[PDB]
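To keep things clear, I will list the structure first and then write my remarks on it.
So basically every Cβ, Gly included, is an ideal-geometry build from the backbone, and we count neighbours across all protein chains shown. Read the figures in this text as sums done on the coordinates, not as results from a lab.
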Amino acid sequence: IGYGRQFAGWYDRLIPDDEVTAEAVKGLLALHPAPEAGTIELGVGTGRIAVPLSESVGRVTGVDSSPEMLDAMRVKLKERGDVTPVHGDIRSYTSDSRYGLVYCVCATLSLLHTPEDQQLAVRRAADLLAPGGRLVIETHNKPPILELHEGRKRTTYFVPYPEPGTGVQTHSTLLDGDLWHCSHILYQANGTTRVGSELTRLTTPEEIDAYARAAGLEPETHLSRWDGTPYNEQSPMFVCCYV
Ligand SMILES: Nc1ncnc2c1ncn2[C@@H]1O[C@H](CSCC[C@H](N)C(=O)O)[C@@H](O)[C@H]1O
């Protein structure tokens, strides 16, 4: 889809290796039923999660459709981690292997724009589960985005980043079909800007439960935070787990 062509060169500046990353690694590790049964990440990106997670669970298999994102992770793998890169599309990727933990996080599933494509990805993810394995999906929570828009099709916001002179401006657009378009502009301390855009589908725990039931899975308790906080409509992300 070109998300890596939009972001791969600066993705780690947008979503850096900070405490939010550490919280996700800790939560996924706690949610792993059995590291000896293996781990696969759908949408591995630059390895922001897979690299540190592999330091606890061992080798992680990481699937991504973007050559640019995989190339960025390969650079990082020369220094850290134990990850097998797999170039593949999570709507189509099929294997004879099965895994104790299958995870798809940081709104990867919302980059699939139609219910049909999301349903297909959940079917493929379910087929990768070992018996007793767990599927973990994390994506952006929908109600807070609608609240942010407050009845307007377009809205703009700016998030200052820790380093002086840095931050990200987002131009947000709501579109028909529960679509959410963003253009993000990173402002760097050296005075340069980087622009990238993405189109996502606003997705809910209700919808993911239906995808998972169609794939033969049953839901576990929905979460608003990796620490086990139950789902609410205010948190920026949510986590759904299936067995
Ligand atoms: N259909 C698809 N199949 C595989 N990867 C896909 C995909 N659609 C989007 N992606 C990938 O999903 C990733 C979303 S960004 C999240 C990256 C990583 N999981 C992290 O948490 O940091 C990108 O790397 C993008 O290339």
Net charge of Cβ neighbours under 13 Å - reference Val102; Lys, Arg +1; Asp, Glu -1: +1
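For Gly88, what charge total do you get from the other residues with a beta carbon under 12 Å from its beta carbon, if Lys and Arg give +1 and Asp and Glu give -1? It would help to have the intermediate numbers written out before the result.
Numbers: positive: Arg91, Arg124; negative: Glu41, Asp64, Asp89.
Within the 12 Å Cβ shell, the charges total -1.
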Using DSSP to define loop residues, name the GluC sites (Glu not before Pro) in segment 145-243 whose beta-carbon has at most 14 other beta-carbon atoms within 10 Å. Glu150, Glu233
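Would you tally the net charge around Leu186, using a Cβ to Cβ cut-off of less than 9 Å, leaving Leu186 out, and scoring K and R as +1, D and E as -1?
Numbers: positive: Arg13, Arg194; negative: none.
Here the charged neighbours net out to +2.
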State, to one decimal in nm, how far the label point of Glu206 lies from the label point of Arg225, with both points 7 Å from Cα in the Cβ direction. 2.6 nm
Principal semi-axes in Å for segment 144-198 [√(5λ), Cα gyration tensor, largest first]: 25, 12, 7
Based on C-alpha coordinates, I'd like the Rg and Dmax of the chain, in Å. 17.3, 52
Under a crude label model (7 Å from the Cα following the beta-carbon direction), how far is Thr166 from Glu233 in nanometres? 3.6 nm
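So if each residue of separation counts as 0.36 nm, and I subtract the Cα-Cα distance between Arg213 and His181, what length gain in nm does that give? Let's see the in-between values first.
On the way: separation 32, 0.36 × 32 = 11.52 nm, distance 2.82 nm.
Net length gain for the segment: 8.7 nm.
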Nearest 20 debye, what's the magnitude of the dipole of the chain about its Cα centre given +1 on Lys and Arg Cβ and -1 on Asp and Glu Cβ? 440 debye
